[PDB]
Every structure is written in structure tokens, then in C-alpha cells.
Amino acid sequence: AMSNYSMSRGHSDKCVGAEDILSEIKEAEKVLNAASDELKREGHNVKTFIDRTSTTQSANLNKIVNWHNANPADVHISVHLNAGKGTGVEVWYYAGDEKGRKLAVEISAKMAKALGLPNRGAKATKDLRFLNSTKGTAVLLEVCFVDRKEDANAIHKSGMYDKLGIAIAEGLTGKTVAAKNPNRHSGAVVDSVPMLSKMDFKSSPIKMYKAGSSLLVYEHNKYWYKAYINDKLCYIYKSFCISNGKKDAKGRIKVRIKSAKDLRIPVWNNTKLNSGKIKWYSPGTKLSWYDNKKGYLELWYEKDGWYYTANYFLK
């Protein structure tokens, strides 16, 4: 999260691009949307533009360039597909623009790897109006060819637009995306809660207590009870528990973990797993998450952004 991107599709719905096995504008719009969606999920600000009305090439380019210059960005991207029956991926940049060359090299490589096509590479030019006339740093993607069956098969493989959105986002930012399908899992909220070594959900659970189970604890503070396991002090979160009344001569309190129906497990809007906005779920609730081995789980909500929880709360 922290860069600004301005991204446009090539061509106009009324002055189209290449058309053969693939439609350039159809495919380019799908890639643009995937890349935009991914960059936004990664926390960046993204503006996009698609010309639906220009009926000539010059009007289309004037409109595209004007829009980019009206919408400053760290990088400007134009998304195209190629024609001429070569095969594979290339990225154009303004000759002599070192920042653009480096982006072009990385984006081209990443896309080619996602698609499983050859990398034709980064290519320098001073002949493209888009690159010449856009004030900021600019690259022009030629994702794959519209007139090559290898390329058509590739871009139509299951989940390829997602994979290309990832490739473009990683090429632009130099950072691996969090929402990567290999690291995705589906399961459900567990029905047990931890006795922890510290008053920190990111600590080690010394022991897990199942819904409905009874245990003996001491008061500690507003949010935590304490107990000794093997003469070591450990902690359990009070909201997981039901208690009525000290009778015990030493001030021990008998508590019970809430039933599976009433227990609620936290999912937080911060990686510290502390305060902020929390979603509270009943045991058994089905969720999908990403485990990128960061020491916590990562959950994407279209409406609410990234949330996080402890490794032991989802299985």
C-alpha cells in the first residue's frame, strides 16, 4: 500500500484494436481489471480509464493521453494485446527511461511466466504516442498475441486473468502479493480457545480449551484471567468464558468456555491481533484464508479489506 497507478486500456469500443482468434479490447479490459483489482487489494491507489466512444485513432489517443496527464501517478500503464503472429509477451517503454526499462523488464518476465509463453522482452521506443506524450513514467503492455493459438489457449486457461493481475502487480511493485492461490485454504472457525503464555494472541497456546469445558482461573485485568500451568503463568481471554462468583478460599474462580453456539472467535483488522475492528464468528463458520507463513492468517474481504487471525483459530 502506498503507490499511485493510472492504467488505461488500449483502443476504443468504437475504434477497436486487433481482432483475430482473440479480441484485443475484450482481453485487455479483463487484464486491466484483474491488475487494478490486485493492486488495490495490495493497498495501492489505482485509477483506470477505458474509452468507449472515440471513432478515430487520433481522438482515442488524444483522450487517453489527456486523461493520464490529468491523473498523475508513480507509473502509467496502457494495456494491449499484440498482432503479427509472433508469440508471447513484451513491454514497451520510452527509450532512455531507466525507471521504465526496469519495470518493463520485470513485468514482461512475470507475465510470460504466468502465461507459460515466451518472453519477447522489454523494448525501447520513441515512436509511440502513449509513451511520448504521457508526462510521467509509462509502460505499454502487449500481453500476448491475438492471432496465435498458443497465446489464445494460454490466456483462456482457468484463473489466468487472476494470475496476470498478480504478475503485473508484482512487476510494478517488486513485492509478492498476499492473495496467492497456492497459499489459500478453506475451512472453518474452530471450537476451542487458547490458554496463552502472554496476553497476546500471537503467542504460543500452551493448551486449548474446548467449548463448554470448565477450568479454574484467577482474576487479572479487565480482559484477561490468569492461571498456572506447570508453575508458569498463562492467560485466557475473559470474553470466551462464563463466570459466577468467588467462593474459593484462594480466590480461584471456576469458569466455563462458552458453548459452541455462543462462543465467538476474533478476526482483526490488524496483524498485531489487538484492538481495532474485530469480526466475531461462531465455531463452524466457513471461511477461506491465506497462509503465507507470516505467523498469522490473512483474510480478504471485498467489502472491508484485509483481516487477520491466529494460526490456531481456523482449520
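Each residue number is its position in the shown sequence, starting from 1.
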Between 282-290 and 22-30 (mean CA B-factor, as deposited), the higher: 22-30
Stretch with the greater mean C-alpha B-factor as recorded in the entry, comparing 260-268 against 50-58: 50-58
Residue of maximum C-alpha B factor among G187, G212, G136, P194, per deposited coordinates: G136
Entry-reported Cα temperature factor of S239, expressed as the chain third it lands in: lowest
Chain-relative CA temperature factor third for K247: highest
Cα B factor band for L128 (lowest, middle or highest third within the chain): highest
CA B-factor ranking of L233, expressed as a third of its chain: highest
Position of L141 among the chain's modelled residues by C-alpha B-factor, lowest, middle or highest third: highest
